Amino acid sequence: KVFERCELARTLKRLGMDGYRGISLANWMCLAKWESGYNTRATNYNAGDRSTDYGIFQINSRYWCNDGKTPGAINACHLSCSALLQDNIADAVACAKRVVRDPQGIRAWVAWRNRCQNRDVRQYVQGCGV
């Protein structure tokens, strides 16, 4: 599924993401925007280390979800990577929360540092009723 901006904002807000561990909803939108264009079916393979990024947040298979084909991979969100490709993002959100419970927080995603960190993210949540 390809979420529309405000459609995703309220969906994230309803799932308990506004300010989760200090991360505003604007930040989460900027991340989803840049990681996948709000696309839940998005997947990017990494031929370099044989891992795959899954979903609207592009969560990597080496650490967060099990796909059975990533060498010495771990499954921190204790989820099949398949769960990250559903139209329903509740599982992806639980996993993204798990990711940010780590030291780096939202910094875990390099794309956030590149396009969201220290930038004007209001635009992502404007007009959305959040």
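Method information in the entry identifies X-ray crystallography as the source of the structure, with 1.8 Å recorded as the resolution.

By the naming in the PDB entry, the protein goes by LYSOZYME and is assigned to Homo sapiens. Listed in UniProt under the heading Subunit, the comment for the protein reads: "Monomer." Per UniProt, the protein has the following entry under Sequence similarities: "Belongs to the glycosyl hydrolase 22 family."

What follows is about the overall build of the protein. Secondary structure assignment for the protein yields four helices and three strands. When the helices and strands of the protein are placed in sequence order, the string is α-α-β-β-β-α-α. A globule of 130 residues ought to have a C-alpha radius of gyration of about 14 Å, and the protein, at 14 Å, matches this closely. Along the first, second and third principal axes, the C-alpha atoms of the protein reach 45 × 30 × 25 Å. Considering the protein as a whole, with its 130 residues, one finds that 48% of them fall into the buried category. For the protein, restricting intrachain contacts to residue pairs at least 6 apart in sequence, the fraction spanning at least 24 positions comes to 50%.

Okay, the state of the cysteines next. One pass over the full model with this rule turns up four disulfides. Between the sulfur atoms of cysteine 65 and its disulfide partner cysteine 81 the distance amounts to 2.0 Å. Across the disulfide from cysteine 65 to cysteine 81, rotation about the S-S bond amounts to roughly 95 degrees, and the bridge is consequently right-handed. Placement of the pair is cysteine 65 in the loop between β3 (59-60) and α3 (90-100) and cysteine 81 in the loop between β3 and α3, with a sequence separation of 16 residues. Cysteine 81 matches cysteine 65 in its accessibility class, with the two residues each being buried. One disulfide bridge connects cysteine 77 with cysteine 95, the sulfur atoms lying 2.0 Å from each other. Handedness here is read from the sign of the S-S torsion; for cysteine 77 and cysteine 95, about 80 degrees, the answer is right-handed. Here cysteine 77 is found in the loop between β3 and α3, whereas its partner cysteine 95 is found in helix α3, with 18 residues between them in sequence. Like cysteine 77, the residue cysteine 95 is buried in the burial classification.

Below, the discussion takes up the sheet that holds strand β2 (residues 51-54). Strand order in this open sheet of three strands is β1-β2-β3, and the pairing throughout is antiparallel. Each of the sheet's edge strands pairs with one partner strand only, and the pair in question is β1 (43-46) and β3. Here β1 pairs with β2 via four bridges, running antiparallel. Counterpart to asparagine 44 in the pairing with β2 is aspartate 53.

Rules and cut-offs
- Residues numbered from 1 in each chain as written, not as in the entry; some residues may be left out.
- Heavy atoms only, no water.
- UniProt positions renumbered as here; feature names shortened; annotations may be inferred.
- Helix = DSSP H or I, 4+ residues; strand = E, 2+ residues; numbered from the N terminus.
- Rg over C-alpha atoms; globule rule 2.2 N^0.38 Å.
- Buried < 20%, exposed > 50% of the residue type's maximum accessible area, 1.4 Å probe, protein only.
- Contact = heavy atoms within 4.5 Å.
- Disulfide = S-S within 2.5 Å.
- Pairing = 2+ DSSP bridges.

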